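Here's the letter readout for the chains.
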Amino acid sequence: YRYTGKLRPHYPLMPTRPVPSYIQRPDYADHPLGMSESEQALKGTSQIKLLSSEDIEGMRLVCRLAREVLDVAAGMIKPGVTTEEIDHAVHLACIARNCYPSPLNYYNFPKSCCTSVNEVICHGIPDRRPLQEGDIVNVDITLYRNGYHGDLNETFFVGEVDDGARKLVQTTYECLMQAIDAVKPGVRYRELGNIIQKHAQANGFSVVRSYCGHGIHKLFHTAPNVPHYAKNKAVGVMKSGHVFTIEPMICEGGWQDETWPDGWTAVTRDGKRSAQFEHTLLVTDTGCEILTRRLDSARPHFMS
Ligand SMILES: N[C@@H](CCC1CCCC1)P(=O)(O)O
Ligand SMILES: [Co+2]
Ligand SMILES: [Co+2]
Ligand SMILES: [K+]
């Protein structure tokens, strides 16, 4: 394997962290390949759950809890902290909230969150590497409570970063918020990518294509599939009671991605930097509720 940039995995990984048996698990948690019966059962489906009011309530609770766990992680972003240390903290913080860390053994993903540094687009596996001043780092959190999943991420600055870092991060967030702003009943899922790319390209950035936003509720990933790039073939129309994410990944250089031999880590083929943000959204009559929004601040962490 020829790595695309300067980052290398830092093994070995600390042994898998156990989840106390009292925590409710999703179906894949103890599958040996981390497969989810329920997700496969709807694989290739185009139909989109209309959540009931109790659904909506479970979704509100788990997304607020996931936000709380992300905020715990944000509080540890500093030079010299390892992504593995971040994950240990996240893992305890899920357990303390009585939630299962959704990423754990999801298709054998071996950690409880993703930490994606610099040229890692997404799904980085927490490891022994200490964070370096100048890095950017995304932490992606997903929790499971009472049959429901809630998913969010943000990109963070590690001490001081270069203007290009600042520009990529702010721009990515602006991409996400401009997309959310278009969310309301009657809007086509494919329109979101047009809005995202339009802003990305205007700032001299490219848009990752192999990874999409997705529906989420009782399933971790399900319809709709939501591409972040222009002129895409996404199927379906927003309707009050839909829940899904938008999570653009935006790049310095080219858009092309490839995967590390670990089977998970997605990096720029060109070794240049990528940033992402994610929210879990519910479509309401007037627009949408940002179920994973920060409550103690109007803004994401990087700009506070
Ligand atoms: N939370 C992230 C993916 C889910 C995890 C990636 C590694 C294991 C699951 P997302 O659905 O945003 O890509
Ligand atoms: Co997601
Ligand atoms: Co996520
Ligand atoms: K690399």
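Residues numbered from 1 in each chain as written, not as in the entry; some residues may be left out. Chains lettered and ligands numbered in written order. Heavy atoms only, no water.

You'll find the protein chain entered in the PDB entry as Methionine aminopeptidase 1, with Homo sapiens given as the organism. According to its PDB record, this entry is titled "HsMetAP in complex with [(1R)-1-amino-3-cyclopentylpropyl]phosphonic acid". Of the comments in the UniProt record for the protein chain, the one headed Subcellular location reads "Cytoplasm". (UniProt positions renumbered as here; feature names shortened; annotations may be inferred.)

J.: Would you explain the packing of helix α4 (residues 163–181) against helix α5 (residues 191–202) in this entry?
T.: Two numbers describe a pair of packed helices, the interaxial angle and the distance between the axes. With their axes 9 Å apart at the nearest point, α4 and α5 run at an angle of 150° to one another. Put simply, α4 runs roughly antiparallel to α5. α4 and α5 meet at a crossing whose hand is right-handed. Contacts between α4 and α5 involve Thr-171, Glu-174, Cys-175, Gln-178 and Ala-179 on the former and, on the latter, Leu-192, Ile-195, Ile-196, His-199 and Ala-200. Of the residues that constitute the contact of α4 with α5, the class distribution is six nonpolar, three polar and one charged. (Axes fitted to C-alpha atoms, helices over the stretch in contact; angles between N-to-C directions. Helix = DSSP H or I, 4+ residues; strand = E, 2+ residues; numbered from the N terminus. Parallel < 35°, antiparallel > 145°, perpendicular 65-115°, else oblique. Left-handed = near helix turned anticlockwise from the far one by under 90°. Contact = heavy atoms within 4.5 Å. Nonpolar A, V, L, I, M, F, W, Y, C, P; charged D, E, K, R; others polar.)

J.: Explain the nonpolar core here, please?
T.: In summary, soluble globular proteins display a tendency toward joint burial of nonpolar side chains. Of all hydrophobic cores here, the largest spans 40 residues; its most connected members are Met-59, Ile-77, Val-90, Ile-141 and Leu-143. Here this core takes 10 residues from helix α2 (residues 53–74), the largest share from any one element. Ignoring anything within four residues of it in the chain, the contact list for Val-90 reads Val-69, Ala-73, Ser-112, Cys-113 and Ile-141. (Core = buried A, V, L, I, M, F, W, Y, C linked by side-chain atoms within 4.5 Å. Buried < 20%, exposed > 50% of the residue type's maximum accessible area, 1.4 Å probe, protein only.)

J.: Would you take a moment to explain the packing of aromatic side chains for this structure?
T.: Inspection of the entire model under this criterion finds 11 aromatic pairs. When the ring of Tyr-3 is compared with that of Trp-260, the centres are 5.2 Å apart and the planes differ by 85°; the resulting orientation is edge-to-face. Of the two residues, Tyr-3 sits in the segment before α1 (37–41) while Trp-260 sits in the loop between β11 (257–259) and β12 (266–268), which places them 257 residues apart along the sequence. For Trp-260, a relative accessible area of 7% translates into the label buried. (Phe/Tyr/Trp six-rings, centres within 6.5 Å; stacked < 30°, edge-to-face > 60°.)

J.: How should I be thinking about the pairing of strand β2 (residues 114–117) in this particular structure?
T.: Here β2 shows no split at all, with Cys-114 and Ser-116 on one side and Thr-115 and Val-117 on the other all buried. Pairing geometry for β2 and strand β4 (residues 136–145), over four bridges, is antiparallel. Counterpart to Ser-116 in the pairing with β4 is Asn-138. (Pairing = 2+ DSSP bridges.)

J.: Whenever I open this one, the coordination of the cobalt ion (ligand 2) confuses me. Can you help?
T.: Think of it this way: four donors in a tetrahedron around the metal ideally sit 109.5 degrees apart, and six in an octahedron ideally sit 90 or 180 degrees apart. Donor atoms from the polypeptide that bind the cobalt ion (ligand 2) are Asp-151 (OD), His-214 (NE2), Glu-247 (OE) and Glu-278 (OE), placed at 2.0 to 2.4 Å. Geometry at the cobalt ion (ligand 2) is irregular, judged from the six donor atoms that bind it and their angles of 68 to 167° at the metal. On the primary sequence, the residues serving as donors to the cobalt ion (ligand 2) are separated as D-x62-H-x32-E-x30-E. A separation of 3.1 Å is found between the cobalt ion (ligand 2) and the cobalt ion (ligand 3), both of which receive a donor from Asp-151. With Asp-151 in strand β5 (residues 148–157) and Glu-278 in the loop between β13 (274–276) and β14 (279–283), this pair connects stretches of sequence that are 127 residues apart. (Donors = N, O, S within 2.8 Å, 3.2 Å for Na, K, Ca; no water. Tetrahedral: all angles 85-135°; square planar, octahedral: opposite > 155°, others 65-115°.)

J.: Any chance you could explain the coordination of the potassium ion (ligand 4) here in plain terms?
T.: Ligation of the potassium ion (ligand 4) by protein atoms is provided by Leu-7 (O) and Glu-119 (OE), these donors lying 2.7 Å from the ion. Taken together, the positions of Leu-7 in the segment before α1 and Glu-119 in the loop between β2 and β3 (120–122) put the pair 112 residues apart, joining distant regions of the chain. Taking the relative accessible area as the measure of exposure, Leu-7 reaches 9% and is therefore buried.

J.: What is the right way to look at the packing of α2 against helix α3 (residues 83–96) in this model?
T.: Two numbers describe how α2 lies on α3: the axes approach to 9 Å, and their chain directions differ by 150°. When the axes of α2 and α3 are compared, the pair comes out roughly antiparallel. α3 is crossed by α2, and the crossing has right-handed handedness. Side by side, α2 and α3 meet where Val-69, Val-72 and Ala-73 of the first sit next to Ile-86, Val-90, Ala-93 and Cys-94 of the second. Residue composition of the contact of α2 with α3, grouped by class: seven nonpolar, no polar and no charged.

J.: Explain the site of ligand 1 to me, please; I cannot follow it from the model alone.
T.: Taken together, 13 residues are adjacent to ligand 1, and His-123, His-214, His-221, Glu-247 and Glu-278 come closest. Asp-140 places a side-chain nitrogen or oxygen 3.2 Å from a nitrogen atom of ligand 1. Contact distances for ligand 1 include 3.1 Å between an oxygen atom and a side-chain N or O atom of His-214. Considered on its own, ligand 1 offers 350 Å² of accessible surface; in the complex 96% of this is hidden by protein. Residues of the shell around ligand 1, tallied by class, amount to five nonpolar, four polar and four charged. (Near = heavy atom within 4 Å. Polar contact = N/O pair within 3.5 Å; in protein donor to acceptor, adjacent residues only side chain to side chain. Areas by Shrake-Rupley, 256 points an atom, 1.4 Å probe, with all protein chains shown as cover.)

J.: Where do I start with the sheet that holds β13 in this structure?
T.: Whenever strands of a sheet pair, they do so through backbone hydrogen bonds, lying parallel or antiparallel. The strand order across the open sheet built from three strands is β6-β10-β13, with neighbouring strands paired in antiparallel fashion. Two strands close off the open sheet at either side, each with one partner strand: β6 (206–207) and β13. In terms of strand pairing, β6 meets strand β10 (residues 249–251) through two bridges, oriented antiparallel. Following the sheet pairing, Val-207 is matched in β10 by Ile-250. Sheet strands in contact with α4 are β10 and β13, and its direction is about 40° off that of β13.

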